[PDB]
Each structure stands twice: as C-alpha cells, then as structure tokens.
>>> print(open('final-v2.txt').read())   # compact mmCIF, C-alpha atoms and all ligand atoms
# COMPACT_ATOMS: atom_id res chain seq x y z
CA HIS Y 4 64.87 92.69 136.34
CA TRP Y 5 66.71 89.82 134.76
CA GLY Y 6 69.00 90.09 131.80
CA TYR Y 7 72.48 89.17 130.58
CA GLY Y 8 74.66 91.75 132.33
CA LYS Y 9 77.20 91.38 135.12
CA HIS Y 10 74.55 92.48 137.59
CA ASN Y 11 71.46 90.72 136.33
CA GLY Y 12 72.78 87.84 134.21
CA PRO Y 13 72.49 84.07 134.44
CA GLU Y 14 74.45 83.67 137.70
CA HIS Y 15 71.89 85.91 139.45
CA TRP Y 16 68.69 84.39 138.11
CA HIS Y 17 68.33 81.84 140.91
CA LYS Y 18 67.50 84.62 143.44
CA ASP Y 19 64.16 85.33 141.71
CA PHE Y 20 63.78 81.95 140.01
CA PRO Y 21 65.06 79.22 142.35
CA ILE Y 22 64.34 76.49 139.74
CA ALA Y 23 67.52 77.83 138.09
CA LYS Y 24 69.35 75.27 140.27
CA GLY Y 25 66.84 72.49 139.42
CA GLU Y 26 67.24 68.96 138.17
CA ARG Y 27 66.41 69.49 134.49
CA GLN Y 28 67.85 72.86 133.49
CA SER Y 29 68.90 73.93 129.99
CA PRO Y 30 71.05 74.38 128.04
CA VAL Y 31 73.61 71.58 128.47
CA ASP Y 32 76.82 70.48 126.88
CA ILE Y 33 76.16 67.63 124.43
CA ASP Y 34 78.97 65.09 124.92
CA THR Y 35 78.73 63.35 121.54
CA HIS Y 36 80.61 60.25 122.67
CA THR Y 37 78.29 59.73 125.69
CA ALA Y 38 74.99 60.40 123.81
CA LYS Y 39 73.55 57.00 122.96
CA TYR Y 40 72.01 56.15 119.64
CA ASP Y 41 68.40 55.17 120.23
CA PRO Y 42 67.03 53.07 117.33
CA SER Y 43 63.52 53.56 118.80
CA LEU Y 44 63.64 57.29 118.01
CA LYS Y 45 61.55 58.30 114.97
CA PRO Y 46 62.40 60.72 112.26
CA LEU Y 47 61.38 64.19 113.15
CA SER Y 48 58.29 65.49 111.32
CA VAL Y 49 58.49 69.21 110.67
CA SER Y 50 55.33 70.39 108.85
CA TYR Y 51 55.69 74.10 108.22
CA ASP Y 52 53.98 74.38 104.80
CA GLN Y 53 51.01 76.39 106.25
CA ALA Y 54 52.92 78.42 108.80
CA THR Y 55 51.56 81.97 109.14
CA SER Y 56 53.91 84.49 110.68
CA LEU Y 57 52.37 87.64 112.08
CA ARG Y 58 54.88 89.91 113.73
CA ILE Y 59 58.41 90.43 114.94
CA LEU Y 60 59.04 91.80 118.43
CA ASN Y 61 62.14 93.07 120.31
CA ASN Y 62 61.31 91.98 123.88
CA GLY Y 63 64.49 93.39 125.41
CA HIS Y 64 66.15 89.89 125.54
CA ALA Y 65 65.99 88.78 121.90
CA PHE Y 66 63.64 89.20 118.96
CA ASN Y 67 60.68 86.86 118.47
CA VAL Y 68 59.11 86.01 115.13
CA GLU Y 69 55.54 85.16 116.14
CA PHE Y 70 53.08 82.85 114.44
CA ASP Y 71 49.32 82.55 114.37
CA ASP Y 72 48.82 79.38 116.38
CA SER Y 73 44.94 79.53 116.34
CA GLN Y 74 44.64 76.62 113.90
CA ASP Y 75 46.51 73.45 113.34
CA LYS Y 76 49.12 74.65 110.82
CA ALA Y 77 52.84 74.54 111.58
CA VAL Y 78 53.47 71.47 113.66
CA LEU Y 79 56.27 69.37 115.05
CA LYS Y 80 55.71 65.69 115.70
CA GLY Y 81 57.53 62.37 115.67
CA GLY Y 82 61.05 62.23 116.82
CA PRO Y 83 60.94 61.66 120.60
CA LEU Y 84 57.49 63.32 120.88
CA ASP Y 85 54.10 61.87 121.68
CA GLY Y 86 51.37 63.90 120.05
CA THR Y 87 51.56 67.16 118.19
CA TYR Y 88 53.19 70.42 119.01
CA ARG Y 89 52.25 73.74 117.41
CA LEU Y 90 54.75 76.45 116.44
CA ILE Y 91 54.25 79.72 118.36
CA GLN Y 92 57.51 81.65 117.81
CA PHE Y 93 61.16 81.49 117.00
CA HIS Y 94 64.09 83.52 118.28
CA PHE Y 95 67.87 83.39 118.50
CA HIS Y 96 70.69 83.64 121.00
CA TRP Y 97 74.01 85.07 119.80
CA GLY Y 98 77.39 86.40 120.83
CA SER Y 99 79.48 89.55 120.73
CA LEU Y 100 82.07 87.55 118.74
CA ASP Y 101 81.74 84.63 116.31
CA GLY Y 102 83.39 82.31 118.93
CA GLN Y 103 80.44 82.36 121.29
CA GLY Y 104 76.67 82.76 121.27
CA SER Y 105 75.07 79.31 121.34
CA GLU Y 106 73.38 78.02 124.46
CA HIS Y 107 73.91 74.31 123.84
CA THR Y 108 77.48 73.27 123.19
CA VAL Y 109 78.82 70.20 121.35
CA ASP Y 110 81.85 68.63 123.06
CA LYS Y 111 82.30 72.13 124.59
CA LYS Y 112 82.20 73.85 121.17
CA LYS Y 113 80.27 77.11 121.15
CA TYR Y 114 78.60 78.13 117.90
CA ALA Y 115 78.09 81.77 116.83
CA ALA Y 116 74.35 81.61 117.51
CA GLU Y 117 71.44 79.25 118.14
CA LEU Y 118 67.91 79.35 116.72
CA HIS Y 119 65.02 78.13 118.90
CA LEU Y 120 61.70 77.17 117.27
CA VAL Y 121 59.21 76.95 120.13
CA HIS Y 122 56.21 74.62 119.99
CA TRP Y 123 53.48 73.80 122.53
CA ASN Y 124 51.71 70.49 123.09
CA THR Y 125 48.22 70.76 121.69
CA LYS Y 126 46.82 68.43 124.37
CA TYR Y 127 47.09 71.37 126.84
CA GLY Y 128 45.03 73.79 124.72
CA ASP Y 129 47.27 76.85 124.86
CA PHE Y 130 50.89 77.85 125.58
CA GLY Y 131 50.21 79.22 129.08
CA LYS Y 132 48.82 75.90 130.25
CA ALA Y 133 51.46 73.90 128.39
CA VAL Y 134 54.39 75.54 130.19
CA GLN Y 135 53.00 74.20 133.48
CA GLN Y 136 53.46 70.61 132.28
CA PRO Y 137 56.63 68.47 132.06
CA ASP Y 138 55.89 67.63 128.39
CA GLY Y 139 54.36 71.00 127.53
CA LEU Y 140 56.90 72.36 125.01
CA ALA Y 141 59.15 71.04 122.29
CA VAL Y 142 61.99 73.39 121.27
CA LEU Y 143 63.85 72.70 118.07
CA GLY Y 144 67.37 74.08 118.39
CA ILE Y 145 69.57 74.79 115.39
CA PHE Y 146 73.18 76.00 115.55
CA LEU Y 147 74.48 78.84 113.41
CA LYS Y 148 78.06 79.09 112.14
CA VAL Y 149 79.52 81.98 110.17
CA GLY Y 150 80.29 81.24 106.54
CA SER Y 151 77.99 81.48 103.52
CA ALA Y 152 74.84 83.55 103.88
CA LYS Y 153 71.49 81.89 104.64
CA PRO Y 154 69.16 83.34 101.99
CA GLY Y 155 66.08 82.41 104.01
CA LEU Y 156 67.30 84.47 106.97
CA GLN Y 157 67.70 87.74 105.05
CA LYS Y 158 64.03 88.87 105.41
CA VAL Y 159 64.52 88.67 109.17
CA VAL Y 160 67.83 90.56 109.07
CA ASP Y 161 66.32 93.33 107.00
CA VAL Y 162 63.44 94.10 109.39
CA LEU Y 163 65.73 94.44 112.43
CA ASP Y 164 66.37 98.14 111.77
CA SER Y 165 62.65 98.72 112.50
CA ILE Y 166 62.75 96.99 115.93
CA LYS Y 167 66.04 98.27 117.27
CA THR Y 168 64.94 98.81 120.84
CA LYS Y 169 62.98 96.97 123.55
CA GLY Y 170 59.21 97.04 123.03
CA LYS Y 171 59.25 97.76 119.31
CA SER Y 172 57.31 95.43 116.98
CA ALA Y 173 56.68 95.30 113.27
CA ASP Y 174 54.28 93.44 110.98
CA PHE Y 175 56.02 90.35 109.67
CA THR Y 176 53.79 88.25 107.55
CA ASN Y 177 54.40 85.43 105.10
CA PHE Y 178 57.81 84.49 106.49
CA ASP Y 179 58.57 80.82 105.77
CA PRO Y 180 60.62 79.16 108.60
CA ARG Y 181 61.49 76.23 106.29
CA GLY Y 182 64.21 78.53 104.97
CA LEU Y 183 66.02 78.34 108.30
CA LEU Y 184 66.43 74.53 108.39
CA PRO Y 185 69.61 72.61 107.55
CA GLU Y 186 69.56 69.69 105.08
CA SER Y 187 69.60 66.91 107.72
CA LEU Y 188 67.11 66.40 110.56
CA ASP Y 189 69.47 64.19 112.60
CA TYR Y 190 69.16 65.23 116.24
CA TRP Y 191 69.97 64.86 119.87
CA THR Y 192 67.20 64.97 122.47
CA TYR Y 193 66.90 65.34 126.25
CA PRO Y 194 64.43 66.68 128.85
CA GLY Y 195 65.07 70.23 129.99
CA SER Y 196 63.83 73.72 130.62
CA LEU Y 197 63.27 77.19 129.26
CA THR Y 198 66.70 78.83 129.01
CA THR Y 199 65.29 82.21 130.15
CA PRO Y 200 63.30 83.07 133.28
CA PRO Y 201 60.95 81.66 134.43
CA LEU Y 202 63.18 78.62 133.62
CA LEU Y 203 60.26 76.22 133.76
CA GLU Y 204 61.06 72.53 133.41
CA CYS Y 205 58.61 71.89 130.59
CA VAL Y 206 60.71 71.32 127.48
CA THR Y 207 61.60 68.32 125.33
CA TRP Y 208 64.76 69.61 123.61
CA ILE Y 209 65.48 68.51 120.04
CA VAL Y 210 68.90 69.85 118.91
CA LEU Y 211 69.86 69.33 115.29
CA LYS Y 212 73.33 68.04 114.58
CA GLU Y 213 73.84 69.99 111.34
CA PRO Y 214 74.38 73.74 111.77
CA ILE Y 215 73.14 76.32 109.30
CA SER Y 216 75.62 78.77 107.81
CA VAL Y 217 74.90 82.51 108.01
CA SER Y 218 77.13 85.28 106.81
CA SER Y 219 79.25 87.54 108.96
CA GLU Y 220 77.12 90.41 107.71
CA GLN Y 221 73.91 88.69 108.83
CA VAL Y 222 75.09 88.09 112.38
CA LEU Y 223 76.62 91.62 112.56
CA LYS Y 224 73.11 92.97 112.03
CA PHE Y 225 71.81 90.90 115.00
CA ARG Y 226 74.53 92.62 117.09
CA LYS Y 227 73.21 96.12 116.21
CA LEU Y 228 70.01 95.47 118.14
CA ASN Y 229 69.57 97.03 121.58
CA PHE Y 230 68.57 95.59 124.93
CA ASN Y 231 67.44 99.08 126.05
CA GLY Y 232 64.27 100.94 125.11
CA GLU Y 233 64.13 104.01 122.86
CA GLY Y 234 65.50 107.06 124.66
CA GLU Y 235 67.69 105.05 126.99
CA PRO Y 236 71.46 104.69 127.06
CA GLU Y 237 72.49 102.21 124.24
CA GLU Y 238 73.47 98.67 125.29
CA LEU Y 239 74.02 96.37 122.38
CA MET Y 240 71.97 93.16 122.33
CA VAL Y 241 74.86 90.67 122.38
CA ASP Y 242 75.73 87.63 124.49
CA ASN Y 243 72.08 86.85 125.24
CA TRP Y 244 72.87 83.18 125.96
CA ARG Y 245 72.73 81.13 129.15
CA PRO Y 246 75.76 78.92 129.64
CA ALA Y 247 75.61 75.11 129.93
CA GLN Y 248 74.00 73.79 133.11
CA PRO Y 249 74.64 70.55 135.01
CA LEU Y 250 73.29 67.46 133.28
CA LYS Y 251 72.40 65.78 136.61
CA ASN Y 252 72.38 62.25 135.13
CA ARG Y 253 69.79 62.92 132.43
CA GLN Y 254 70.60 60.99 129.28
CA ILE Y 255 71.02 62.65 125.91
CA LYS Y 256 69.81 60.39 123.08
CA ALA Y 257 70.94 60.51 119.42
CA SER Y 258 68.66 59.77 116.49
CA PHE Y 259 71.66 58.78 114.32
CA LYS Y 260 74.60 56.35 114.41
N1 LIG Y 301 64.92 80.32 125.18
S1 LIG Y 301 63.79 79.18 125.14
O1 LIG Y 301 63.68 78.59 123.75
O2 LIG Y 301 64.02 78.16 126.21
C1 LIG Y 301 62.15 79.92 125.47
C2 LIG Y 301 62.26 81.44 125.61
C3 LIG Y 301 61.06 82.22 126.23
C4 LIG Y 301 60.01 81.41 127.06
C5 LIG Y 301 58.57 81.96 127.31
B1 LIG Y 301 57.49 80.85 127.90
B2 LIG Y 301 55.99 81.27 127.04
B3 LIG Y 301 56.48 82.60 125.96
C6 LIG Y 301 58.07 83.10 126.21
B4 LIG Y 301 56.98 84.06 126.96
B5 LIG Y 301 55.67 82.93 127.50
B6 LIG Y 301 56.28 81.80 128.75
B7 LIG Y 301 56.88 83.53 128.67
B8 LIG Y 301 58.04 82.21 128.93
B9 LIG Y 301 58.42 83.64 127.85
ZN ZN Y 302 65.84 80.39 123.29
>>> encode(input="final-v2.txt", output="structure tokens")
Amino acid sequence: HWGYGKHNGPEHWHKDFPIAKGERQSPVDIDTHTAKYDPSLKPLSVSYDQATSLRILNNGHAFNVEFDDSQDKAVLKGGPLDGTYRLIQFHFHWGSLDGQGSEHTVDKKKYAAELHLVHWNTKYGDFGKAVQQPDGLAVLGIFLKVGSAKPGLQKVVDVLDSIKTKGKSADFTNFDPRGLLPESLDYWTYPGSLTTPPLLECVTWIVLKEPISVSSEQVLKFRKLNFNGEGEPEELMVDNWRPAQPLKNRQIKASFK
C-alpha cells in the first residue's frame, strides 16, 4: 500500500487515489509576494486550555497524538473559518536532513519539519462525516526549524522510544499542545486537501508564518522511528512529506501586512 518510498511514494498515489491530480490538492508553495493581505480575515482563535490528550500512535506513516474529542474542549475558530472546529490529533512530517521535511514551502524554502493540528467542523457531528465535506476540516500547519530546543515538544520526543514501529501505541495523557505554538498567530490560508491518501478535498489550510525552533537532538529522535512493524526489516521513518502540488489558480490569503 501507499507510503513514501520510490515504489509507493507520492508520484504513485494517483493510481489508487485519482483525486491526487485534483483541483485543490495540498501542500502548495506559498509565494509570499503573490499572497494577498485580506483585511477581512479575523485573528485566529486557538482555545486549547481544556485539551485532553489520550494516546500516541505510530501508524506506519507518522505518529499521531490523539485527543478526546467527545466534548467541546480544544477548538479552533475565527481566522478564515465559519463555525467551530474540534481538535482530534496532531502529527508531523519531517526529513532525513535538516534541509527538507516540510510539506508546504515558503518561496520554495523547505523547513526541517511541519506540524499539523487537525480539527473537524462540529456542524458535521464527527470526523468521518466531516471529511466528506468541502469545509469539513481545518488543519493548522506550523513549520519547524532546527535551532534552540522546544521545551514543550520534549514529552513527545521522550515517548517515541515506546512506539518505534508501525502499530505501536502508548498512553499519552495530559499533553498540552499550547507548548507547540509560536509567539505570533499570523497566517496564510487557502482551500486544499489531506496531504496523505485518501487525499480528500476537505481542508481549510491555516499555515502560520512564524516557525517554531526545535533542537537537532529533538528532530534526530523523530528520525529513529520506523515505518516498518516489529520483526520486519528496519526502514527509518524519514522523508514522510508530500511535495508541493499545483496551485491551479486558488488564491492564498495573508492575515498580515
Ligand atoms: N497530513 S494531513 O494533516 O493532511 C491529515 C493526515 C491524515 C488524514 C486522515 B483523515 B481522518 B483521520 C486520518 B485518518 B481518518 B481520515 B483517515 B484520513 B486518515
Ligand atoms: Zn499532515
């Protein structure tokens, strides 16, 4: 099945998922001098004070930190969004080297990694129904550069040894995702898709301008994860990013001047 290798990677996905060649695919290159400032855009509202993490999972493509989304707790609203979107999970995409790893690019710059905080539109009742809708998800994307450590990331880094291989999970309670945010909530936004199969065109993308800094040691520990299951030949979980896709005349809007 699909993955990130030479034989099953992004250039192959269209054979099982023909929407891969669709009109609103993600990620994209963000051309900062073509993105227009939109004074009608609102500040983003990120309300994570009551977020309740449950578990961390290696799904063979990345690791997901999962949240209890049974009540109205950790929500994203404002910005370009109508209504309220509930946090379900976050995950990352990263490289084999510090020069690559992000999915979105900024004037063709690749960051070392990219964090995706995934939220579903509460008007559709659950995530499975939301992904069938053009406004079903809002994904908050945050770039990572290598420099100073991110203290709020370390709890995640430290549990990775316990989920090395595909299908392993571990309890992961009381993790506060506020510790992964940069200082500024300035953003770009555009309509797009999931960046992994099934590539559904259901996402309002909100990409923060300000990267977070993580240490070399932190990202090195991401690169010790495995795509394979326990008892299978080791293949390091690196370069789990889809490259930029055609913009197809979509407009990217900026919240800032
Ligand atoms: N990389 S990304 O931020 O565009 C979303 C990555 C996985 C998308 C999924 B959607 B909901 B949850 C997870 B499971 B289920 B369906 B299934 B597809 B995958
Ligand atoms: Zn993602």
>>> residues_near_ligand(input="final-v2.txt", ligand="ligand LIG 301 (chain Y)", cutoff="7 Å", atoms="all atoms listed in the file", output="PyMOL selection string")
chain Y and resi 119-121+130-131+134+142+196-201
>>> residues_near_ligand(input="final-v2.txt", ligand="ligand ZN 302 (chain Y)", cutoff="10 Å", atoms="all atoms listed in the file", output="PDB file with C-alpha atoms, in the frame of the given file")
ATOM      1  CA  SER Y  29      68.900  73.930 129.990  1.00  0.00           C
ATOM      2  CA  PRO Y  30      71.050  74.380 128.040  1.00  0.00           C
ATOM      3  CA  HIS Y  64      66.150  89.890 125.540  1.00  0.00           C
ATOM      4  CA  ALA Y  65      65.990  88.780 121.900  1.00  0.00           C
ATOM      5  CA  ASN Y  67      60.680  86.860 118.470  1.00  0.00           C
ATOM      6  CA  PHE Y  93      61.160  81.490 117.000  1.00  0.00           C
ATOM      7  CA  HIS Y  94      64.090  83.520 118.280  1.00  0.00           C
ATOM      8  CA  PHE Y  95      67.870  83.390 118.500  1.00  0.00           C
ATOM      9  CA  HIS Y  96      70.690  83.640 121.000  1.00  0.00           C
ATOM     10  CA  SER Y 105      75.070  79.310 121.340  1.00  0.00           C
ATOM     11  CA  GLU Y 106      73.380  78.020 124.460  1.00  0.00           C
ATOM     12  CA  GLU Y 117      71.440  79.250 118.140  1.00  0.00           C
ATOM     13  CA  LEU Y 118      67.910  79.350 116.720  1.00  0.00           C
ATOM     14  CA  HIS Y 119      65.020  78.130 118.900  1.00  0.00           C
ATOM     15  CA  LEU Y 120      61.700  77.170 117.270  1.00  0.00           C
ATOM     16  CA  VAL Y 121      59.210  76.950 120.130  1.00  0.00           C
ATOM     17  CA  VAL Y 142      61.990  73.390 121.270  1.00  0.00           C
ATOM     18  CA  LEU Y 143      63.850  72.700 118.070  1.00  0.00           C
ATOM     19  CA  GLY Y 144      67.370  74.080 118.390  1.00  0.00           C
ATOM     20  CA  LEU Y 197      63.270  77.190 129.260  1.00  0.00           C
ATOM     21  CA  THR Y 198      66.700  78.830 129.010  1.00  0.00           C
ATOM     22  CA  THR Y 199      65.290  82.210 130.150  1.00  0.00           C
ATOM     23  CA  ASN Y 243      72.080  86.850 125.240  1.00  0.00           C
ATOM     24  CA  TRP Y 244      72.870  83.180 125.960  1.00  0.00           C
ATOM     25  CA  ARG Y 245      72.730  81.130 129.150  1.00  0.00           C
TER      26      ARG Y 245
END
>>> closest_residue(input="final-v2.txt", among="Y:184, Y:205, Y:84, Y:162", to="residue 133 (chain Y)", atoms="only C-alpha atoms")
Y:205
>>> residues_around(input="final-v2.txt", residues="residue 258 (chain Y)", least_positions_apart="5", cutoff="6 Å", atoms="all atoms listed in the file", output="PyMOL selection string")
chain Y and resi 40-41+44+189-190
>>> residues_around(input="final-v2.txt", residues="region 246-253 of chain Y", least_positions_apart="4", cutoff="9 Å", atoms="only C-alpha atoms", output="PyMOL selection string")
chain Y and resi 13+24+26-32+105-108+193-194
>>> closest_residue(input="final-v2.txt", among="Y:126, Y:169, Y:181, Y:109", to="residue 237 (chain Y)", atoms="only C-alpha atoms")
Y:169
>>> decode(input="final-v2.txt", residues="region 156-184 of chain Y", atoms="N, CA, C and O atoms", output="CSV table (one decimal), in the first residue's frame")
chain,number,residue,atom,x,y,z
Y,156,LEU,N,7.9,20.4,23.3
Y,156,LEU,CA,8.0,19.2,22.5
Y,156,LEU,C,8.6,18.0,23.2
Y,156,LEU,O,8.5,16.8,22.7
Y,157,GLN,N,9.4,18.2,24.3
Y,157,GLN,CA,10.2,17.1,24.8
Y,157,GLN,C,9.4,15.9,25.3
Y,157,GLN,O,9.9,14.8,25.1
Y,158,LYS,N,8.2,16.1,25.9
Y,158,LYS,CA,7.4,15.0,26.3
Y,158,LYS,C,7.0,14.0,25.1
Y,158,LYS,O,7.0,12.8,25.3
Y,159,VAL,N,6.8,14.6,24.0
Y,159,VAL,CA,6.6,13.9,22.8
Y,159,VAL,C,7.8,13.1,22.4
Y,159,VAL,O,7.8,11.9,22.2
Y,160,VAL,N,9.0,13.8,22.3
Y,160,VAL,CA,10.2,13.1,21.9
Y,160,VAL,C,10.5,12.0,22.8
Y,160,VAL,O,11.0,10.9,22.3
Y,161,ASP,N,10.3,12.1,24.1
Y,161,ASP,CA,10.7,11.1,25.0
Y,161,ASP,C,9.8,9.8,25.0
Y,161,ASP,O,10.3,8.8,25.4
Y,162,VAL,N,8.6,9.9,24.4
Y,162,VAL,CA,7.8,8.7,24.4
Y,162,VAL,C,8.0,7.9,23.1
Y,162,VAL,O,7.5,6.8,22.9
Y,163,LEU,N,8.7,8.5,22.1
Y,163,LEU,CA,8.9,7.9,20.8
Y,163,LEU,C,9.6,6.5,20.9
Y,163,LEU,O,9.3,5.6,20.1
Y,164,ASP,N,10.5,6.3,21.8
Y,164,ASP,CA,11.2,5.0,22.0
Y,164,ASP,C,10.2,3.9,22.3
Y,164,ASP,O,10.5,2.7,22.0
Y,165,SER,N,9.0,4.2,22.8
Y,165,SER,CA,8.0,3.2,23.1
Y,165,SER,C,7.0,2.9,22.0
Y,165,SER,O,6.2,2.0,22.0
Y,166,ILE,N,7.1,3.7,20.9
Y,166,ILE,CA,6.3,3.4,19.7
Y,166,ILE,C,7.1,3.4,18.4
Y,166,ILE,O,6.8,4.0,17.4
Y,167,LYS,N,8.3,2.7,18.5
Y,167,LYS,CA,9.2,2.7,17.4
Y,167,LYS,C,8.7,2.3,16.1
Y,167,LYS,O,9.0,2.8,15.0
Y,168,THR,N,7.8,1.2,16.1
Y,168,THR,CA,7.4,0.6,14.9
Y,168,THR,C,5.8,0.7,14.7
Y,168,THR,O,5.1,1.0,15.6
Y,169,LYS,N,5.5,0.5,13.4
Y,169,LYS,CA,4.1,0.6,13.0
Y,169,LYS,C,3.2,-0.2,13.8
Y,169,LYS,O,3.4,-1.4,14.1
Y,170,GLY,N,2.1,0.4,14.3
Y,170,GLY,CA,1.1,-0.3,15.1
Y,170,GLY,C,1.2,-0.2,16.6
Y,170,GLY,O,0.3,-0.6,17.3
Y,171,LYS,N,2.4,0.3,17.0
Y,171,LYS,CA,2.5,0.5,18.4
Y,171,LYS,C,1.9,1.8,18.9
Y,171,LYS,O,2.0,2.8,18.3
Y,172,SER,N,1.2,1.8,20.1
Y,172,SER,CA,0.7,2.9,20.7
Y,172,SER,C,1.1,3.0,22.2
Y,172,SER,O,1.5,1.9,22.8
Y,173,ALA,N,0.9,4.1,22.8
Y,173,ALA,CA,1.2,4.3,24.2
Y,173,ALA,C,0.3,5.3,24.8
Y,173,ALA,O,-0.1,6.3,24.1
Y,174,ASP,N,-0.1,5.1,26.1
Y,174,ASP,CA,-0.9,6.1,26.8
Y,174,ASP,C,-0.1,7.4,26.7
Y,174,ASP,O,1.1,7.5,26.9
Y,175,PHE,N,-0.8,8.6,26.5
Y,175,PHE,CA,-0.2,9.9,26.4
Y,175,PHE,C,-1.2,10.9,26.8
Y,175,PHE,O,-1.8,11.6,26.0
Y,176,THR,N,-1.4,11.0,28.1
Y,176,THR,CA,-2.3,11.9,28.7
Y,176,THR,C,-1.7,13.2,29.2
Y,176,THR,O,-0.5,13.3,29.4
Y,177,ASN,N,-2.5,14.2,29.3
Y,177,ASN,CA,-2.2,15.5,29.9
Y,177,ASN,C,-1.1,16.3,29.1
Y,177,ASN,O,-0.4,17.1,29.6
Y,178,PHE,N,-1.0,16.0,27.8
Y,178,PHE,CA,0.0,16.7,27.0
Y,178,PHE,C,-0.7,18.0,26.5
Y,178,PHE,O,-1.8,18.0,26.0
Y,179,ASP,N,-0.1,19.2,26.7
Y,179,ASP,CA,-0.6,20.5,26.4
Y,179,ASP,C,-0.1,21.0,25.0
Y,179,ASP,O,1.0,21.4,25.0
Y,180,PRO,N,-0.9,21.0,24.0
Y,180,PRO,CA,-0.4,21.4,22.6
Y,180,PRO,C,-0.1,22.9,22.6
Y,180,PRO,O,0.5,23.3,21.6
Y,181,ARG,N,-0.5,23.7,23.6
Y,181,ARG,CA,-0.1,25.1,23.6
Y,181,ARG,C,1.4,25.3,23.5
Y,181,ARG,O,1.9,26.3,23.1
Y,182,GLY,N,2.1,24.3,24.1
Y,182,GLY,CA,3.5,24.3,24.1
Y,182,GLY,C,4.2,24.1,22.8
Y,182,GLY,O,5.4,24.2,22.7
Y,183,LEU,N,3.4,23.9,21.7
Y,183,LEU,CA,4.0,23.7,20.4
Y,183,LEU,C,3.8,24.9,19.5
Y,183,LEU,O,4.1,24.9,18.3
Y,184,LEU,N,3.1,26.0,20.0
Y,184,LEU,CA,2.8,27.1,19.2
Y,184,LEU,C,3.9,28.2,19.2
Y,184,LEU,O,4.6,28.3,20.2
